[PDB]
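Report on the following structure.
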Amino acid sequence: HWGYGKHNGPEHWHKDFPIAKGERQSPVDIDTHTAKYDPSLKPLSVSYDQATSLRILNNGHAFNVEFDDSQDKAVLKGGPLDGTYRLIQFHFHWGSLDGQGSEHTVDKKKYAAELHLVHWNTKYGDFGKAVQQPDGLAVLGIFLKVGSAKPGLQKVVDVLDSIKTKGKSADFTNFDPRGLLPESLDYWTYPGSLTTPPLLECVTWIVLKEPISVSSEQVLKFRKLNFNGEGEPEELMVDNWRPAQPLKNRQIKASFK
Ligand SMILES: NS(=O)(=O)c1ccc(O)c(NC(=O)NCc2ccncc2)c1
Ligand SMILES: [Zn+2]
């Protein structure tokens with residue numbers, strides 16, 4: 001099975017998931033000079049006040065903080081989106097070094113990590129149906145650079161010792177995802193895909209211009225996770241990012257000029 005190693009990493013995924021070579025694959029490089037400012041883009045509406053986190057899970061590729069998505073508690077609307085998308089989970093991708101780790105790049109620049117807040121279009125009833133649809137998901141992507149700590153991330157960092165290995169989960173209630181958001185909600189947007197298998201072309205990507213800063217110690221704790229299950233040989237969970245894919249005939253739009 002697929003992963004991020006030398007024999008099963010991103011360049012291998014197309015053998016099991018042929019859509020890996022598709023027409024709207026993610027991530028991509030965001031060339032900020034070819035991005036098109038679109039005055040008709042609405043501001044993003046992020047309504048996380050009622051969010052209910054439930055638990056945190058090491059799935060062998062990243063860790064997911066999962067939310068109750070059985071009601072409109074934490075929703076994303078506006079921006080390029082029609083209708084309401086519900087937060088189901090967030091996770092991150094990160095590097096072995098501070099100089100790499102993000103999936104999207106900005107003018108070929110790589111950030112230390114990238115946060116994905118995953119939301120599904122409520123008109124499809126649940127996440128499983130939504131991923132089968134071209135407008136099924138909206139993923140809000142936020143870059144992390146290494147600098148000052150992000151206090152709102154610390155509760156995530158502190159529980160990672162409880163989920164070191166693949167398949168481990170821990171109760172993780174009352175986490176407020178608003179503490180992971182940068183000041184500005186200026187964004188780029190383009191149609192794309194999940195960045196891990198099954199690589200389905202179901203995502204409206206919304207990538208924030210402004211990164212959040214996290215401390216070196218915070219991202220180091222990410223790197224102490226393991227891809228392997230307990231009692232298997234230890235392989236650090238680092239470099240769990242897919243590289244940029246061809247833009248093909250897509251234009252990236254910007255909400256700001
Ligand atoms: N990166 S993303 O484009 O925001 C994204 C958003 C929502 C997703 O459902 C996926 N993809 C998966 O969930 N794949 C199954 C899986 C992945 C990792 N480990 C175990 C199982 C990727
Ligand atoms: Zn992701």
Side-chain angles (χ1 to χ4, degrees), residues 1-5 8-10 12-14 16-17 19-20 22 24-30 55-67 69 74 76 81 85-95 100-105 110-121 124 126-144 156 163-169 177 180 187-208 211-212 222 225-229 235 237-245 250:
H1 282 285
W2 66 273
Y4 294 93
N8 65 349
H12 292 285
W13 293 352
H14 69 91
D16 280 340
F17 303 96
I19 195 170
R24 55 175 292 186
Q25 288 289 300
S26 294
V28 299
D29 178 58
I30 297 167
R55 36 162 240 168
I56 187 168
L57 172 65
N58 181 336
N59 59 27
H61 301 89
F63 61 87
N64 294 348
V65 173
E66 293 172 348
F67 288 76
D69 62 351
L76 180 64
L81 300 171
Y85 289 66
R86 267 187 209 168
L87 179 66
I88 178 167
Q89 55 108 322
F90 67 81
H91 59 277
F92 302 80
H93 301 272
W94 61 92
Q100 62 189 55
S102 67
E103 299 199 302
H104 294 86
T105 56
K110 292 168 164 106
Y111 287 83
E114 180 171 344
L115 166 62
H116 290 162
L117 289 149
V118 178
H119 306 80
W120 56 272
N121 191 333
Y124 296 129
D126 67 10
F127 178 84
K129 296 295 285 186
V131 296
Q132 301 304 322
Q133 309 305 323
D135 59 349
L137 296 189
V139 182
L140 179 62
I142 301 172
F143 298 118
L144 278 64
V156 172
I163 60 165
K164 183 177 180 180
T165 55
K166 178 177 179 180
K168 287 187 174 297
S169 65
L180 298 176
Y187 62 89
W188 297 282
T189 186
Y190 75 101
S193 70
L194 304 180
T195 66
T196 56
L199 298 172
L200 295 172
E201 289 177 344
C202 60
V203 182
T204 297
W205 278 95
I206 300 168
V207 178
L208 299 184
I212 61 168
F222 282 33
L225 292 168
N226 281 191
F227 291 122
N228 53 296
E235 182 64 11
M237 180 177 282
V238 296
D239 289 330
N240 61 347
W241 52 274
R242 189 189 189 184
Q245 299 302 312
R250 292 173 292 178

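Whatever order the structure lists them in is the order used to number ligands and atoms, beginning at 1. Positions are given from 1 along the sequence.
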Report the atom name of the nearest N/O/S atom of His116 relative to the Zn ion (ligand 2).
ND1
Starting from atom 5 (C) of ligand 1, find the nearest protein heavy-atom neighbour and note its residue, name and distance.
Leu194 CD2, 3.8 Å
Pair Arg24 + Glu201: basic N to acidic O under 4.0 Å
no
Give a yes/no verdict on whether any heavy atom in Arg242 is under 4.0 Å from an atom of ligand 1.
no
List the closest protein heavy-atom neighbour of atom 9 (O) of ligand 1: residue, atom name, distance to the nearest 0.1 Å.
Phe127 CZ, 3.3 Å
Would you check the N or O atoms of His61, main chain and side chain alike, for any that come under 3.5 Å of an N or O of ligand 1?
yes
Indicate the atoms forming the closest heavy-atom contact of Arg86 with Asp69, along with that distance.
NH1-O, 2.9 Å
4.5 Å side-chain heavy-atom contact, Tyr4 and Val238
no
Please determine, by modelled atom types, if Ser26 and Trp205 share a side-chain donor-acceptor pair under 3.5 angstrom.
yes
Under 3.5 Å, N or O to N or O, is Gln89 touching ligand 1 that way?
no
How far apart are the C-alpha atoms of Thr204 and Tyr190, what are their side-chain angles, what is the distance that settles it, and do they pass the side chain to side chain donor-acceptor pair (under 3.5 Å) test?
CA-CA 6 Å; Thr204 297; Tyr190 75 101; over 6 Å; no
At less than 4.0 angstrom from any non-hydrogen atom of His93, what atoms of ligand 1 do you find?
1 (N)
For atom 12 (C) of ligand 1, what is the closest protein heavy atom, and at what distance to 0.1 Å?
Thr196 OG1, 3.4 Å
Does ligand 1 come near enough to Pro197 that some N or O of the ligand is less than 3.5 Å from an N or O of the residue?
yes
Which protein heavy atom lies closest to atom 1 (N) of ligand 1, and at what distance to 0.1 Å?
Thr195 OG1, 2.8 Å
Is there a donor-acceptor contact under 3.5 Å linking the side chains of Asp239 and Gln100?
yes
So for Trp205, does at least one of its heavy atoms come nearer than 4.0 angstrom to any atom of ligand 1?
yes
Please write down residue, atom name and distance for the protein heavy atom closest to atom 16 (C) of ligand 1.
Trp2 CZ2, 4.1 Å
Would you please determine whether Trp120 falls within less than 4.0 Å of ligand 1 on a heavy-atom basis?
no
Angle at the Zn ion (ligand 2) (to 10°), with one arm to NE2 of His91 and the other to NE2 of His93:
110°
Does any part of the side chain of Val156, heavy atoms only, come nearer than 4.5 Å to the side chain of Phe63, both counted from C-beta?
yes
Which atom pair, heavy atoms only, marks the closest approach of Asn228 to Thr165?
O-CB, 3.3 Å
Are the side chains of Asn58 and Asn64 in touch, meaning some heavy atoms are under 4.5 Å apart?
no
Could you list the atoms of ligand 1 found under 4.0 angstrom from a heavy atom of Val139?
4 (O)
Which value, rounded to the nearest 0.5 Å, describes the distance between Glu114 atom CD and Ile142 atom CD1?
9.5 Å
Element-labelled atoms of ligand 1 that are located less than 4.0 Å from some non-hydrogen atom of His116
1 (N), 2 (S), 4 (O)
